[PDB]
Amino acid sequence: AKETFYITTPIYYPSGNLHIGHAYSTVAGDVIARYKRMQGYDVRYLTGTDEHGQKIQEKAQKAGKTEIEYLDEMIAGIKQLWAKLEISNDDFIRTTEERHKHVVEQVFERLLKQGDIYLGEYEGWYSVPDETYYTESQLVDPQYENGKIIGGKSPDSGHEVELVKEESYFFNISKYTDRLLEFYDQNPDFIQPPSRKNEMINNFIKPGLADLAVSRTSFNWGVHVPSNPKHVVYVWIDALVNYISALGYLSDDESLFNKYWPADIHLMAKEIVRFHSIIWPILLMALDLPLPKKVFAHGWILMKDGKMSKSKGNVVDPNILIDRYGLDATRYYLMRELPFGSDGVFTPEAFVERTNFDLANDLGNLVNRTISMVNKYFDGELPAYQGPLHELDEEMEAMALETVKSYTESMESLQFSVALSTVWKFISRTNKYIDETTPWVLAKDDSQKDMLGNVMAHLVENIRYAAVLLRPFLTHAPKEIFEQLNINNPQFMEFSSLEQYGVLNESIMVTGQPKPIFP
Ligand SMILES: N=C(NCCCCCCNC(=N)NC(=N)Nc1ccc(Cl)cc1)NC(=N)Nc1ccc(Cl)cc1
Ligand SMILES: Nc1ncnc2c1ncn2[C@@H]1O[C@H](COP(=O)(O)OP(=O)(O)OP(=O)(O)O)[C@@H](O)[C@H]1O
């Protein structure tokens with residue numbers, strides 16, 4: 001059977017509209033999923049929404065709507081966005097669904113029964129503008145009384161914090177410390193790069209993992225603990241178990257869970273790596289479940305006032321980009337312009353240049369020039385590939401195969417910007433081959449009709465390579481390119497058809513009415 005590959009995005013918090021930051025993660029996961037399907041894996045790709053907590057209740061109440069009324073509307077918009085981006089997610093998990101809530105309940109009750117969780121009192125220091133709870137050691141300008149911290153200010157904003165106390169269940173995560181460090185040793189690529197792993201260990205694990213406050217009693221909008229109804233399960237357990245609840249864990253049908261768990265890749269931005277690389281494996285250990293194989297963290301899309309944030313309002317709406325510039329342009333920009341190992345600033349000027357110069361100009365003109373020449377010189381009948389007849393062909397056919405090899409290395413290491421630049425080196429060289437060979441000169445005399453046919457064959461086969469390699473990234477252009485070239489054999493759209501250059505060994509009738517590939 002096909003080997004399974006399970007990839008997840010984070011579940012997003014619908015306290016406001018999603019922005020291109022969210023689209024970046026979801027498109028990234030989609031490219032991985034599409035690539036793995038093309039490599040012959042049995043893929044499951046999950047995304048969804050994190051719907052509980054005070055902030056959601058507040059948003060709903062402000063809008064004059066019930067919590068579920070508010071959420072259903074937000075979720076409809078999120079699902080519409082993923083459909084518009086042509087995301088190939090196999091499921092959409094909502095934490096309000098009973099399939100999820102059942103797992104949250106059962107996990108919590110199991111940990112209580114085992115004694116991993118016990119009843120205590122949560123204490124935190126709340127800052128209104130930061131919407132954050134701090135520990136006493138994080139406070140700046142700490143005020144003391146009888147050798148005990150009684151007040152302070154937020155380290156982020158400097159706003160006066162307020163002491164909050166409430167009954168809360170705690171999960172003793174520190175018991176699992178040695179097992180977690182052992183796991184990191186046995187799985188050296190679980191967290192990357194090495195600096196990030198050291199970061200996790202030194203900042204959080206080393207000084208000692210504090211007990212984790214896994215319930216709250218001060219609000220009602222969440223999953224209630226069956227054995228103690230006045231407690232609601234907090235973010236840690238509720239959100240993290242989405243990755244297993246979506247697979248039917250602890251349901252009447254665990255077949256998806258039995259197949260796909262453990263996840264091959266959990267994808268996220270850097271700020272939630274700690275939760276996925278410490279809390280999540282510890283929770284899984286407490287449940288006697290296999291751990292995920294890899295946490296993949298990318299950087300932030302920034303604006304010129306910091307990280308793009310829906311609560312801040314410094315946002316770019318992907319719907320606006322798609323509506324104005326098209327889907328291929330939007331997906332291309334996200335994957336090409338913003339490497340995962342860096343934070344990058346969005347600008348409209350960079351978006352426009354990237355999509356006009358690379359898509360419409362470089363690739364789009366290559367296809368139109370090529371088809372136009374086939375129609376002009378051979379009345380639409382593309383001559384069959386024969387061999388490397390032109391002087392430049394040997395080296396260019398070698399470049400095609402090297403392009404596939406390099407691309408594969410980049411894709412395997414999740415260096416998508418590099419994979420794309422590598423494909424574009426080949427596209428640009430194919431345009432240069434038109435200029436070098438000057439087909440119009442060869443079309444002057446019937447003595448060169450054979451060589452002209454060879455040049456046309458090489459342009460089309462180069463285009464085919466590019467189109468196949470772009471199938472994980474672009475959902476419209478490759479299909480359109482195959483349709484205009486009238487390559488109908490589904491096999492010639494797959495990676496295996498790139499092993500040996502020159503598959504089109506019969507003549508084909510290209511389109512007589514070519515049209516722009518983009519937008
Ligand atoms: N937006 C949230 N803020 C509180 C997060 C904890 C402290 C913040 C730590 N720093 C962050 N920046 N975290 C973050 N933005 N999201 C997050 C994502 C995954 C996990 Cl497991 C934990 C937190 N919570 C949320 N997404 N879900 C939630 C679910 C159930 C209930 Cl009852 C209440 C809330
Ligand atoms: N600016 C961004 N750059 C890259 N990814 C992002 C960005 N914003 C959100 N994401 C994706 O969404 C996930 C959750 O981010 P979250 O929605 O908490 O950020 P946010 O938009 O700042 O939210 P809030 O404004 O409510 O704090 C991230 O882990 C990441 O996968």
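Order of appearance sets the numbers: ligands from 1, and atoms from 1 within every ligand. In what follows, every heavy atom counts, from backbone to side chain, and hydrogens, waters and symmetry copies are set aside. If you read the sequence from its start, that first residue is 1, and numbering goes on from there.
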Ligand 2 and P10, any nitrogen or oxygen pair closer than 3.5 angstrom?
no

Under 3.5 Å donor-acceptor pairs involving side-chain atoms of residues 55-64, not counting sequence neighbours:
unit_1	atom_1	unit_2	atom_2	d
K55	NZ	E131	OE2	3.0
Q57	NE2	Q61	OE1	3.4

For the residue pair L247 and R44, what are the closest heavy atoms and their distance?
CD2-CD, 3.8 Å

Would you say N228 and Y169 are linked by a side-chain donor-acceptor pair, where the criterion is simply a distance under 3.5 Å?
yes

Does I301 reach ligand 2 with a nitrogen or oxygen that is under 3.5 Å from one of the ligand's nitrogen or oxygen atoms?
yes

Regarding ligand 2, does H22 bring an N or O atom to under 3.5 Å of one of the ligand's N or O atoms?
yes

Hey, looking at atom 2 (C) of ligand 2, which of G21, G16, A269 has the closest heavy atom?
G21

Between CG on residue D362 and CH2 on residue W424, distance to nearest 0.5 Å:
8.0 Å

Backbone of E51 reached by a side-chain donor or acceptor of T49 within 3.5 Å
no

Please say whether the positively charged group of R216, taken as NZ for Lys or CZ for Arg, lies over the ring of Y234, i.e. under 6.0 angstrom from the six-membered ring centre and within 45 degrees of the axis.
yes

Is the shortest distance from a heavy atom of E271 to ligand 2 less than 4.0 Å?
yes

Decide whether an N or O pair under 3.5 Å exists between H19 and ligand 2.
yes

Check whether any N or O atom of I272, backbone or side chain, sits under 3.5 Å from an N or O atom of ligand 2, and answer yes or no.
no

Can you tell me which residue and heavy atom of the protein come closest to atom 30 (C) of ligand 2, and the distance to 0.1 Å?
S25 OG, 3.4 Å

Mark the output for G299 as yes if a heavy-atom distance to ligand 2 is under 4.0 Å, and as no if none is.
yes

N or O pair under 3.5 Å between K307 and ligand 2:
yes

Determine whether a donor-acceptor pair (N or O, by modelled atom type, separation under 3.5 Å) exists between the side chain of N314 and the backbone of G306.
yes

Okay, side chain of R110, backbone of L287: is any donor-acceptor separation there less than 3.5 Å?
yes

Under 3.5 Å, is there a donor on one side chain and an acceptor on the other for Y134 and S154?
yes

Output a table of donor-acceptor pairs, distance under 3.5 Å, between side-chain atoms of residues 184-197 and any protein atom two or more places apart or on a different chain; print 'none' if there are none.
unit_1	atom_1	unit_2	atom_2	d
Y184	OH	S277	O	2.6
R196	NE	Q192	O	2.7

Quick one: look at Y13 and ligand 2, take heavy-atom pairs under 4.0 Å, and tell me if it's side chain, backbone, both or neither.
neither

What pair of heavy atoms forms the shortest contact from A28 to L267, and how long is it?
CB-CD1, 3.9 Å

With a 4.0 Å cut-off on heavy atoms, does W300 reach ligand 2?
yes

Sort out the contact shell of ligand 1: every protein residue with a heavy-atom distance below 4.0 Å, listed by chain and number.
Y13, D50, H52, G53, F219, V232, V233, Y234, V235, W236, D238, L240, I272, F275

With sequence neighbours excluded, give me every salt bridge (charged side-chain N to carboxylate O under 4.0 Å, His left out) pair touching residues 227-245.
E167-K230

Is there at least one pair of N or O atoms, one from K310 and one from ligand 2, spaced under 3.5 Å apart?
yes

Are there over 12 heavy-atom neighbours, none belonging to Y41, within less than 6.0 Å of that residue's OH?
no

Quick one about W300 and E271 (side-chain donor to acceptor, distance below 3.5 Å, no hydrogens or angles considered), yes or no?
yes

With a 4.0 Å cut-off, strictly under, does atom 18 (O) of ligand 2 pick up any protein heavy atom?
no

Residue, atom and distance of the protein heavy atom nearest atom 25 (O) of ligand 2 read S309 OG, 2.6 Å

With a 4.0 Å cut-off on heavy atoms, is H298 touching ligand 2?
yes

Of all the atoms in ligand 2, which lie at a distance below 4.0 Å from a heavy atom belonging to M308?
1 (N), 8 (N), 22 (O)

